[PDB]
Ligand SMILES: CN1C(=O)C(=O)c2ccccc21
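Presented as structure tokens, the chain that follows is alone, the form deposited without 1-methylindole-2,3-dione.
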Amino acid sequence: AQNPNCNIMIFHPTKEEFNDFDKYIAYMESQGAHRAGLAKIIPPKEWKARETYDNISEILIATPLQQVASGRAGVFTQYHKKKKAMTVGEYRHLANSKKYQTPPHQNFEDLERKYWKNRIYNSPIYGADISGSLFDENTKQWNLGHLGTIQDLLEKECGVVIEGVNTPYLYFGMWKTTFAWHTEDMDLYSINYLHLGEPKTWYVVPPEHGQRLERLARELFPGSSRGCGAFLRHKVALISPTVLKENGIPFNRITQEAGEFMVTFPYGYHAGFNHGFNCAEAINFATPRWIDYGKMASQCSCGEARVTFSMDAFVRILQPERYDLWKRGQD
């Protein structure tokens, strides 16, 4: 078996290997990359996502979210408080202000220490989940707005045509902005490109060990667990690497820099934080190997997780027994 310790693998495709997305994901998995739950892909030196980022300041962040933490430094939840709309220009200026900017630090490790020590005492503002794309329409390779759709993948594998569309989302981050522990909707893959700015640190649990994370989460967030059998779908819980080590949960960590792709694999729990002002783009995708994960994915039916239009059909076709109860949570 390839990659039996489930280490995060880093790939360096040639421009020739960068032509066929599906085939390169399949290549990564042949080398065991999926076992880690996350892989990094450094694009060929000839590749660019677009010419410059000089003209992005007028993008609107309609609902910036202030991420308010509760709990202890290592074990906390966050809620999202809606703020007034601002432009990317305005957000960048905010991220760089004395109140929000990245503190002096030595290296990524010092910064990680400071994150876990101090995150809960601040409430950074995240421009998340903005529909759109920063890829130039003439970028032909690994353009996240031109990937094959999950609906077409399900049709090709299962023979059923379904409604729904699949488009990318932009994330504008600042120091301490945080993504809680989660897998993707319907345990899909995701791909994330860091277009610009400061790095993003990621933590991931191997898919074969996801249930161990879930069990620890039920113990650490006992009221949440009683409220919903899949409460990590709410995307609110944070557990530090120190806490995971103390409880023997296998995980890995890696820092993504501007110009690099990250791929998360089905049922790979991940969490992380931004180092400073940045902009990432991400999208979910499927392969034939996803189908069996989709059929087994947990679902939130307490009503909190509230998800896209397109998830209906996935639940309807792949999880017909769950469909009724899940849709009652959606309505």
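Note that the rigid core is defined as the largest set of C-alphas that superpose within 1.5 Å between two forms. Shifts are known only where both forms have a C-alpha. One rule holds for the numbers: they count along the sequence shown, beginning at 1.
What comes next is about the form solved in complex with 1-methylindole-2,3-dione, which does not appear here.
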Open or blocked? Place 1-methylindole-2,3-dione on this chain by superposing the surrounding C-alphas onto its site in the deposited bound form, and call it blocked when 3 or more ligand atoms come within 2.4 Å of backbone or C-beta atoms. blocked
Does residue 41 reach 1-methylindole-2,3-dione in the deposited bound form if we count a contact as any heavy atom within 4.5 Å? no
Checked 297-329 against 1-methylindole-2,3-dione in the deposited bound form; residues with a heavy atom within 4.5 Å, sequence order, are 299, 300, 301, 302, 303, 305, 307, 311, 315, 322, 326
Sequence-ordered runs, three or more residues, C-alpha shift 2 Å or more between this form and the one not shown, rigid core: 324-329
